[PDB]
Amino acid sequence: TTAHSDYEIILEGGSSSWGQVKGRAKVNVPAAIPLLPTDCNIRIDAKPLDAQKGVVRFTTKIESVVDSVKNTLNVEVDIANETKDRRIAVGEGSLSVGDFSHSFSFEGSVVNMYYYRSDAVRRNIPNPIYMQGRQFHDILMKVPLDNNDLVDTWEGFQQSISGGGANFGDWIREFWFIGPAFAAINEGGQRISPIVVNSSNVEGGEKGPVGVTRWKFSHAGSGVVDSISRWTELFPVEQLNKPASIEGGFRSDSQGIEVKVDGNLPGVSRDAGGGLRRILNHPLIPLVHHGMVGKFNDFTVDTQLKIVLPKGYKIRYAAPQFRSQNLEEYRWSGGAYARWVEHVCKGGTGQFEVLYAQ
C-alpha cells in the first residue's frame, strides 16, 4: 500500500503574504465512511466588498454524492471585524438533498475571548502555539416554512423547546454532532456549551410563514483549536486586496481515495520577526481530526514538496532539511521528510518549520 502525494507552494514577495497552494494525493485504501462511494467538491471564494470598511464577500459551494444521493450547499456571506475580538456576519444560502431543499438567511456575531493573556508570555515566547479561550456565538436565523417537511420539523422543535426545559439545549449536542463528529470534539481539546434559545417565532414573510430563531452557544479550546488560538490570523482581511479562492475535491470508495486541492490566498507566509518570514504554522485541528482516520491501514510514503520562493529569496532554516535546491526552487522528498509526512497523516503535530529571507 503506497500513498502518492505532491504539494506545491508558490510565494509572492515584498510585503505580500499570498501564495498559490496545490495538493494531490492518491492512496489505495478504503475510506472510513460507512456509505460508499462518496464524492465531494468544494469551492470557496473571498472578495473585498468594501475595503475601506473591511467587508468581505465570502461564498462557499459544496456538492457531494453519498451512496448515489446528491447534496448541495451554497452560502453567500458578508463578513467584517467590528473590533479585534468581535466579528459580524450577514448571509443567506440554500441546501438540497435528493428531492428536498430549503433556504435560509442569518445574521450573527462571534466574540473571541482568550483566557488570561500575559506580557510575560508574549515577550518571552517567540512563536506561541497553544492559546486557550472561549468563543461566543449569537445567531439570528430565518427559514421560510414553504413545504410540509419544514413545517413538521418546525413543530417538532417547538415541542422540545417548550417542553424539554434544560434538557433541550443539553441533548441537542448529540443530534448536532452526528456520527463520529461527537467523539472528535474532545479529541481536539474542544468543548461545546449547551445551546440557549432566546426566541423562536413564526413571522409573516412576503411569500408565507417564516421560522425565526435567535440562539446562542459558545465553544472553548485548550489551545489546539485554531479557530480560537488563531482568531485574527485566520481572517486576513487586511491582505485581501484582490479575490482569493480555493477549490478541492475528492473521490472515495472501498478501494481508494483521490484528492485534489488548488488555491490562491493570503496568509500562506507570515512575518517571523527580524526580517525573516515563515510558512504559517501548521493548523492543528486538521491533523488531530484526520488522525482519527489515518491509522487504519499500513502505507509507505511516495511524496514530494516543492516550494518556490520569490526571486532573490533564500531559505534560512528548514527542518526537515530540503533535498535539493535550484535557485529559488526547493524540493523535499524521502528521508526525514517522508517520515514527517507519515507522522502528520497519522495525527502527529511535530513541527516542520521553514524560514526564509532576502
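In this text, residue numbers run from 1 along the sequence as written.
Higher mean CA B-factor, judged across 90 to 98 and 199 to 207 from the recorded values: 199 to 207. Judged by mean Cα B factor in the deposited record, 161 to 169 ranks above the other of 161 to 169 and 250 to 258.
Residues shown: 237, 113, 73, 79. Highest C-alpha temperature factor in the entry: 237. Residue 347 sits in the lowest third of its chain by CA B factor, as recorded in the PDB entry. Among all modelled residues in its chain, residue 289 ranks in the lowest third by Cα B-factor.
Remark: residue 244 belongs to the middle third of its chain, ranked by C-alpha B-factor as recorded. Sort the modelled residues of the chain by CA B factor and residue 107 lands in the lowest third.
For residue 218, the recorded CA temperature factor ranks within the lowest third of the chain's modelled residues.
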